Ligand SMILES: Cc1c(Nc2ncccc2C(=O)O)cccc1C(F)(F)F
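Listed next as structure tokens is one chain, alone, in the form solved without this ligand.
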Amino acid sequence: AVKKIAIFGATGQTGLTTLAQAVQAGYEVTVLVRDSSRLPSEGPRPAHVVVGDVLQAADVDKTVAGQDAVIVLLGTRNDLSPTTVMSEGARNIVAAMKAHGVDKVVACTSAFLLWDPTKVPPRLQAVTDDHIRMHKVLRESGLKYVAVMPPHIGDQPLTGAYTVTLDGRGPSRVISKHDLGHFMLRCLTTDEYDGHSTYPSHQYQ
């Protein structure tokens, strides 16, 4: 039974609704944040808050200690420049999970990893390159890794009626940020997605 989880990137749009749903689901949530004031002051607050940076190996190590599973929602703060913050952040998380014996990691990359590499728009190639590096870091770690590769993440409401496509592209090109967080929590209750790539999508319009 998974009870204690750590969430990386909980201050982002998708991370905030994932944190809110995880607290309401009864999980003991630990978050790593740059600033504690970025967390919601009222309502769903996490059980444990570590103030630090994901690129600091020691900060990640104390966040992963004693956890049952890890949710990774790392991004590039809306910067299309060539970067390694997501891949290097993933290497710190993987190193900490191996040392402490944590096996379950659910990580969000991008649906572009399911596309023809030549069809990826050139403007988004730099960010996609680091998503590939992070995915390879997690794929080669040997942990129970659920690769979430969502399409466009919108502001649609929480439905729970989305479609989950395994190891391929789904029929819709949009997933709500609430349904995305809902699905990543669902991956903590089952192992049927372990080692697979998941494409959540739904038709809201």
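Throughout, we count residues from 1 along the sequence that is shown. If you superpose the two forms and keep the largest set of C-alpha atoms that fall within 1.5 Å, you have the rigid core.
Taking RMS over all structures and residues, which stretch has CA atoms farther from the shown form in 7 other deposited structures of this protein, 102-110 or 124-132, after a rigid core fit?
Of 102-110 and 124-132, the stretch deviating more in 7 other deposited structures of this protein is 124-132.
155-163 versus 41-49: which one's CA atoms end up farther from this form in 7 other deposited structures of this protein after a core fit?
Greater root mean square C-alpha distance in 7 other deposited structures of this protein: 41-49.
Check the entry's C-alpha temperature factors for 73-81 and 97-105, then say which stretch has the higher mean.
That would be 73-81.
With reference to the PDB entry, specify whether the mean Cα temperature factor is higher for 119-127 or for 88-96.
Per the deposited B-factors, the answer is 119-127.
Out of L138, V54, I175, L39, which one has a C-alpha B factor higher than all the others in the entry?
Highest CA B-factor of the listed options: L39.
Cα B factor band for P150 (lowest, middle or highest third within the chain)
As the PDB entry reports it, the C-alpha B-factor of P150 lands in the lowest third of its chain.
How does the C-alpha B factor of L158 compare with the rest of the chain: lowest, middle or highest third?
For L158, whose C-alpha B-factor we compare with every modelled residue in the chain, the answer is the highest third.
Chain-relative CA temperature factor third for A47:
It belongs to the highest third of the chain when residues are ordered by C-alpha B-factor.
Within this chain, which third does the Cα B-factor at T17 fall in: lowest, middle or highest?
It falls in the bottom third of the chain.
Which third, lowest, middle or highest, does the CA B-factor of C187 fall in along this chain?
Tercile = lowest for this residue's CA B-factor.
Separately, the form solved in complex with this ligand exists; it is not shown, and the next lines address it.
Could you confirm whether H131 comes within 4.5 Å of this ligand in the bound PDB entry, counting heavy atoms only?
Result yes; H131 sits at the interface with this ligand in the bound PDB entry.
For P46, is any heavy atom within 4.5 Å of this ligand in the bound PDB entry, or not?
So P46 does not count as contacting this ligand.
Within a 4.5 Å heavy atom cut-off, is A95 in contact with this ligand in the bound PDB entry?
So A95 does not count as contacting this ligand.
Going by a heavy atom distance of 4.5 Å, is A111 a contact of this ligand in the bound PDB entry?
Contact check for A111: yes, within 4.5 Å of this ligand in the bound PDB entry.
Within 4.5 Å of this ligand in the bound PDB entry, counting heavy atoms only, one of 22-30, 61-69, 143-151, 156-164 shows up; tell me which.
Of the options, only 143-151 has residues within 4.5 Å of the partner.
Since the partner is left out here, which residues of 117-148 would have a heavy atom within 4.5 Å of this ligand in the bound PDB entry?
Read in sequence order, the residues that approach this ligand (within 4.5 Å, in the bound PDB entry) are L124, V127, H131.
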